[PDB]
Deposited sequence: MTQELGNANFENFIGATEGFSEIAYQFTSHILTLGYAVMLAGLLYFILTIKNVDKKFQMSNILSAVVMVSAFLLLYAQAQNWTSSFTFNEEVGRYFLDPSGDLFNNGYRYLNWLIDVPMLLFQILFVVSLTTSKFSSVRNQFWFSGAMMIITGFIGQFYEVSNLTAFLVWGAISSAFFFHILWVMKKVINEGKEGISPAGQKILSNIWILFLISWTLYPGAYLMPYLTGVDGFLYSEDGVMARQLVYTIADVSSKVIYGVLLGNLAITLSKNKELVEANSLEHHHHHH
């Protein structure tokens, strides 16, 4: 009965501890994460005049997303280093009873805030054809909120009840597939009535969206992708999970935002 270690990170940190490499790599990847958001924030502020007025809500939403992600990923980065402390006799980092313990709340809150804005912002760059703005918006927001809420419920049970962790994750995946379906419709309608250069950027946005958003359930399942007591059921699964989350964050937020800005610029060229 391991009482101190909630989530898989605390469980590993309370039982086997983290190697110096695992601890430092995770710290550095999380720091790179918030550093890139700060850089993106300055980018989306400074380039806002490069797009026509009618598209600027997309730049605005990118910047607000950068603020939320910078703040919350900074908090998560400090939560990592504060939750695990070095033991000299073993030579590894263990869960620190005097710390606050690692907490996925920061990242999940960031998702709850950012998912609706990221889905919303494309609607200020492309034009729909036969779909209604309000209908697409409401579907994005409802399914986006439900995907994050049900995923957050599942993640509590990650250590204590693997069955609940997977079932809630499956429910969350149902809302995710709904979002993918709606976004593909948005991309297709967005391609109608624009230049071939604009259509090519939208093609790339779809691939970037599909890959980067699918990385999140992949990192959710990461500790179990090689089975209980498998190679990933260890600090290596923690490292891979946090690496994939950070890649996903930079791609789904920053790169996505840059591509939408590039689309908005191209649309003014006709």
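Missing C-alpha coordinates mark the following deposited-sequence intervals, in order: 1, 7, 273 to 288.
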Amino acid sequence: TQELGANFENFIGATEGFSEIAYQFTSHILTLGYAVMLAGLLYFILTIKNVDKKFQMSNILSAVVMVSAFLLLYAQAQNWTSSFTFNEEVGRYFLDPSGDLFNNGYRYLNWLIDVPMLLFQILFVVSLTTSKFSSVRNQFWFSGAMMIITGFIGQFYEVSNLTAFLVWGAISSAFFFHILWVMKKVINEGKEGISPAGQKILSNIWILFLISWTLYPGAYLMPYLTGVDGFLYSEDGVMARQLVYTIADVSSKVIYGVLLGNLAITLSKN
From here on, numbers count along this sequence of modelled residues.
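Stretches compared: 155 to 163, 122 to 130. Higher mean C-alpha B-factor in the entry: 155 to 163. According to the PDB record, 224 to 232 carries the higher mean C-alpha B-factor of the two stretches 50 to 58 and 224 to 232. In this PDB entry, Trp80 carries a Cα temperature factor that places it within the middle third of its chain's modelled residues. Ranked by Cα temperature factor within the chain, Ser98 sits in the highest third according to the deposited record.
Among the modelled residues of its chain, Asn87 has a C-alpha B-factor that falls in the highest third, as given in the PDB entry. Ranked within its chain, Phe175 lands in the lowest third, by CA B factor from the PDB record. The entry lists a Cα temperature factor for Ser251 that places it in the lowest third of the chain's modelled residues.
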